[PDB]
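Coordinates as given in start_17.pdb (PDB, C-alpha atoms):
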```pdb
ATOM      1  CA  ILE F   1     -84.221   3.088  78.214  1.00  0.00           C
ATOM      2  CA  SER F   2     -80.492   2.705  77.581  1.00  0.00           C
ATOM      3  CA  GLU F   3     -79.614   4.848  80.614  1.00  0.00           C
ATOM      4  CA  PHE F   4     -81.462   2.372  82.846  1.00  0.00           C
ATOM      5  CA  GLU F   5     -79.263  -0.417  81.535  1.00  0.00           C
ATOM      6  CA  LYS F   6     -75.943   1.168  82.426  1.00  0.00           C
ATOM      7  CA  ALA F   7     -77.201   2.580  85.735  1.00  0.00           C
ATOM      8  CA  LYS F   8     -78.787  -0.649  86.935  1.00  0.00           C
ATOM      9  CA  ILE F   9     -75.877  -2.685  85.571  1.00  0.00           C
ATOM     10  CA  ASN F  10     -73.390  -0.467  87.417  1.00  0.00           C
ATOM     11  CA  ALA F  11     -75.395  -0.711  90.643  1.00  0.00           C
ATOM     12  CA  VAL F  12     -75.436  -4.477  91.027  1.00  0.00           C
ATOM     13  CA  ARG F  13     -72.092  -4.598  89.206  1.00  0.00           C
ATOM     14  CA  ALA F  14     -70.843  -2.762  92.286  1.00  0.00           C
ATOM     15  CA  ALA F  15     -71.940  -5.837  94.189  1.00  0.00           C
ATOM     16  CA  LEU F  16     -70.241  -7.872  91.460  1.00  0.00           C
ATOM     17  CA  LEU F  17     -67.240  -5.647  92.190  1.00  0.00           C
ATOM     18  CA  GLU F  18     -67.176  -7.630  95.421  1.00  0.00           C
ATOM     19  CA  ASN F  19     -67.006 -10.585  93.029  1.00  0.00           C
ATOM     20  CA  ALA F  20     -64.335  -8.640  91.165  1.00  0.00           C
ATOM     21  CA  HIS F  21     -62.332  -8.932  94.361  1.00  0.00           C
ATOM     22  CA  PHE F  22     -63.345 -12.591  94.684  1.00  0.00           C
ATOM     23  CA  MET F  23     -62.162 -13.267  91.140  1.00  0.00           C
ATOM     24  CA  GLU F  24     -59.221 -10.978  91.991  1.00  0.00           C
ATOM     25  CA  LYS F  25     -58.233 -13.629  94.519  1.00  0.00           C
ATOM     26  CA  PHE F  26     -57.953 -15.881  91.514  1.00  0.00           C
ATOM     27  CA  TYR F  27     -55.869 -13.283  89.647  1.00  0.00           C
ATOM     28  CA  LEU F  28     -53.625 -12.906  92.688  1.00  0.00           C
ATOM     29  CA  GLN F  29     -53.301 -16.683  93.086  1.00  0.00           C
ATOM     30  CA  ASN F  30     -52.755 -17.537  89.426  1.00  0.00           C
ATOM     31  CA  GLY F  31     -50.440 -14.574  89.004  1.00  0.00           C
ATOM     32  CA  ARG F  32     -48.503 -14.108  92.228  1.00  0.00           C
ATOM     33  CA  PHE F  33     -46.212 -11.139  91.666  1.00  0.00           C
ATOM     34  CA  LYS F  34     -45.776 -10.323  95.344  1.00  0.00           C
ATOM     35  CA  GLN F  35     -46.080 -13.022  97.996  1.00  0.00           C
ATOM     36  CA  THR F  36     -46.473 -10.549 100.852  1.00  0.00           C
ATOM     37  CA  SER F  37     -50.009  -9.844  99.651  1.00  0.00           C
ATOM     38  CA  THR F  38     -52.320 -12.286 101.378  1.00  0.00           C
ATOM     39  CA  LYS F  39     -55.842 -12.185 100.034  1.00  0.00           C
ATOM     40  CA  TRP F  40     -59.095 -13.931 101.004  1.00  0.00           C
ATOM     41  CA  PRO F  41     -62.217 -12.297  99.600  1.00  0.00           C
ATOM     42  CA  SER F  42     -65.361 -14.189 100.485  1.00  0.00           C
ATOM     43  CA  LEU F  43     -68.690 -13.478  98.798  1.00  0.00           C
ATOM     44  CA  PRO F  44     -71.407 -12.589 101.332  1.00  0.00           C
ATOM     45  CA  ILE F  45     -73.738 -11.388  98.590  1.00  0.00           C
ATOM     46  CA  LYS F  46     -76.782 -13.482  97.735  1.00  0.00           C
ATOM     47  CA  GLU F  47     -78.915 -10.573  96.547  1.00  0.00           C
ATOM     48  CA  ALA F  48     -78.199  -6.921  95.810  1.00  0.00           C
ATOM     49  CA  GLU F  49     -79.780  -4.068  93.831  1.00  0.00           C
ATOM     50  CA  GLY F  50     -82.786  -6.138  92.786  1.00  0.00           C
ATOM     51  CA  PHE F  51     -80.494  -8.742  91.293  1.00  0.00           C
ATOM     52  CA  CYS F  52     -79.263 -11.884  92.987  1.00  0.00           C
ATOM     53  CA  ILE F  53     -75.663 -12.946  93.425  1.00  0.00           C
ATOM     54  CA  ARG F  54     -75.337 -16.709  93.498  1.00  0.00           C
ATOM     55  CA  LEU F  55     -72.633 -19.300  92.981  1.00  0.00           C
ATOM     56  CA  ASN F  56     -73.847 -21.489  90.140  1.00  0.00           C
ATOM     57  CA  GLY F  57     -72.573 -23.088  86.954  1.00  0.00           C
ATOM     58  CA  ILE F  58     -69.362 -25.085  86.708  1.00  0.00           C
ATOM     59  CA  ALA F  59     -69.088 -24.867  90.492  1.00  0.00           C
ATOM     60  CA  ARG F  60     -70.593 -23.351  93.633  1.00  0.00           C
ATOM     61  CA  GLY F  61     -67.334 -22.232  95.161  1.00  0.00           C
ATOM     62  CA  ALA F  62     -63.642 -21.794  94.438  1.00  0.00           C
ATOM     63  CA  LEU F  63     -62.447 -25.178  93.204  1.00  0.00           C
ATOM     64  CA  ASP F  64     -60.587 -24.913  89.914  1.00  0.00           C
ATOM     65  CA  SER F  65     -59.384 -21.755  88.163  1.00  0.00           C
ATOM     66  CA  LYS F  66     -63.000 -20.964  87.323  1.00  0.00           C
ATOM     67  CA  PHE F  67     -65.000 -18.676  89.583  1.00  0.00           C
ATOM     68  CA  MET F  68     -68.773 -18.778  89.319  1.00  0.00           C
ATOM     69  CA  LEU F  69     -70.096 -15.240  89.660  1.00  0.00           C
ATOM     70  CA  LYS F  70     -73.724 -14.670  88.659  1.00  0.00           C
ATOM     71  CA  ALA F  71     -76.145 -11.770  89.085  1.00  0.00           C
ATOM     72  CA  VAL F  72     -79.659 -12.458  87.863  1.00  0.00           C
ATOM     73  CA  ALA F  73     -82.629 -10.102  87.988  1.00  0.00           C
ATOM     74  CA  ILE F  74     -85.296 -11.291  90.419  1.00  0.00           C
ATOM     75  CA  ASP F  75     -87.714  -9.657  87.995  1.00  0.00           C
ATOM     76  CA  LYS F  76     -86.798 -10.342  84.365  1.00  0.00           C
ATOM     77  CA  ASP F  77     -89.515  -7.847  83.503  1.00  0.00           C
ATOM     78  CA  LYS F  78     -88.553  -5.010  85.848  1.00  0.00           C
ATOM     79  CA  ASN F  79     -85.062  -5.785  84.637  1.00  0.00           C
ATOM     80  CA  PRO F  80     -84.630  -7.260  81.141  1.00  0.00           C
ATOM     81  CA  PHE F  81     -80.936  -8.113  81.437  1.00  0.00           C
ATOM     82  CA  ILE F  82     -78.605 -10.117  83.668  1.00  0.00           C
ATOM     83  CA  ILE F  83     -75.119  -9.378  84.997  1.00  0.00           C
ATOM     84  CA  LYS F  84     -72.596 -12.240  84.978  1.00  0.00           C
ATOM     85  CA  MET F  85     -69.073 -12.080  86.292  1.00  0.00           C
ATOM     86  CA  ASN F  86     -66.229 -14.098  84.801  1.00  0.00           C
ATOM     87  CA  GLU F  87     -62.690 -14.480  86.191  1.00  0.00           C
ATOM     88  CA  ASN F  88     -61.455 -12.223  83.361  1.00  0.00           C
ATOM     89  CA  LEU F  89     -62.905  -9.311  85.339  1.00  0.00           C
ATOM     90  CA  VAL F  90     -65.497  -9.319  82.568  1.00  0.00           C
ATOM     91  CA  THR F  91     -69.222  -8.801  82.828  1.00  0.00           C
ATOM     92  CA  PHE F  92     -71.712 -10.567  80.579  1.00  0.00           C
ATOM     93  CA  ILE F  93     -74.938  -8.663  79.996  1.00  0.00           C
ATOM     94  CA  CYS F  94     -77.614 -10.917  78.592  1.00  0.00           C
ATOM     95  CA  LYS F  95     -81.312 -10.460  78.009  1.00  0.00           C
ATOM     96  CA  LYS F  96     -81.416 -14.196  78.651  1.00  0.00           C
ATOM     97  CA  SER F  97     -81.307 -15.664  82.136  1.00  0.00           C
ATOM     98  CA  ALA F  98     -78.073 -17.355  83.295  1.00  0.00           C
ATOM     99  CA  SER F  99     -79.332 -18.529  86.680  1.00  0.00           C
ATOM    100  CA  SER F 100     -82.025 -18.079  89.302  1.00  0.00           C
ATOM    101  CA  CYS F 101     -82.443 -16.131  92.514  1.00  0.00           C
ATOM    102  CA  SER F 102     -82.459 -18.398  95.549  1.00  0.00           C
ATOM    103  CA  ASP F 103     -83.119 -15.508  97.899  1.00  0.00           C
ATOM    104  CA  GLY F 104     -86.791 -15.718  97.019  1.00  0.00           C
ATOM    105  CA  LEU F 105     -87.017 -11.929  97.125  1.00  0.00           C
ATOM    106  CA  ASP F 106     -90.309 -11.446  95.267  1.00  0.00           C
ATOM    107  CA  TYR F 107     -90.298 -13.145  91.919  1.00  0.00           C
ATOM    108  CA  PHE F 108     -88.667 -15.861  89.808  1.00  0.00           C
ATOM    109  CA  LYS F 109     -87.818 -15.895  86.104  1.00  0.00           C
ATOM    110  CA  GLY F 110     -86.964 -18.093  83.136  1.00  0.00           C
ATOM    111  CA  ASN F 111     -86.386 -16.532  79.716  1.00  0.00           C
ATOM    112  CA  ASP F 112     -83.651 -16.791  77.088  1.00  0.00           C
ATOM    113  CA  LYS F 113     -82.564 -14.023  74.715  1.00  0.00           C
ATOM    114  CA  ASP F 114     -79.746 -11.754  73.433  1.00  0.00           C
ATOM    115  CA  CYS F 115     -76.286 -11.615  75.044  1.00  0.00           C
ATOM    116  CA  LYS F 116     -73.552  -8.980  75.369  1.00  0.00           C
ATOM    117  CA  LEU F 117     -69.876  -8.640  76.291  1.00  0.00           C
ATOM    118  CA  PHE F 118     -69.173  -5.976  78.945  1.00  0.00           C
ATOM    119  CA  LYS F 119     -65.465  -5.204  79.331  1.00  0.00           C
TER     120      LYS F 119
END
```

As structure tokens:
Amino acid sequence: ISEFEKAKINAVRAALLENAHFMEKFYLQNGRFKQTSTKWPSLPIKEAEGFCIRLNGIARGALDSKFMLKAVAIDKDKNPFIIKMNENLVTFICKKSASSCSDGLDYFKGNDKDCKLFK
């Protein structure tokens, strides 16, 4: 049970690691220590590891200092949790849903429940 969580989380969180680089752009922009480092990560992930990566929430692209990074399980049953990426390099694991999968892989979902801080 619990092993599934961390394994599945890690898997799509690897895809969110792409988003960790995307949000890292933000880190590198907001905190420029070395100017020689040019950095443009662009998220090509819409779905990965049975979860979907979408830009949704406060924005749908880099606008302010906030970077919308969301991974939602296509199947909220096959996968009870959701993986959300915040600019703090932090993951939010919720049993709730924080968005929807526009890829139209197989299934859609809409449930709210428990949340968790993953740092």

- [ ] Could you jot down the CA of residue 46 (chain F) to CA of residue 101 (chain F) separation for me, Å, one decimal place?
- [x]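 Taking CA of residue 46 (chain F) and CA of residue 101 (chain F), their separation equals 8.1 Å.
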
TODO: Might you spell out which residues the PyMOL selection byres ((chain F and resi 12) around 8) would select in the displayed file, as a list in words?
DONE: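 With the shown file as input, the PyMOL selection byres ((chain F and resi 12) around 8) matches residues 8, 9, 10, 11, 13, 14, 15, 16, 48, 49, 50, 51, 71 and 83 of chain F.
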
- [ ] Taking the file above as input, evaluate the PyMOL selection byres ((chain F and resi 76-82) around 7) and report the hits as a ChimeraX atom specification.
- [x] /F:71-75,83-84,93-97,109

- [ ] Would you list the contacts of region 29-39 of chain F as a VMD selection string, taking every protein, DNA or RNA residue within 12 Å and counting only C-alpha atoms, but skipping same-chain residues closer than 5 positions in sequence?
- [x] chain F and resid 21 to 24 62 64 to 66 87 to 88

Task: Coordinates-based distance that separates CA of residue 118 (chain F) from CA of residue 18 (chain F) (Å, one decimal) - done: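 Between these atoms lies a distance of 16.7 Å.
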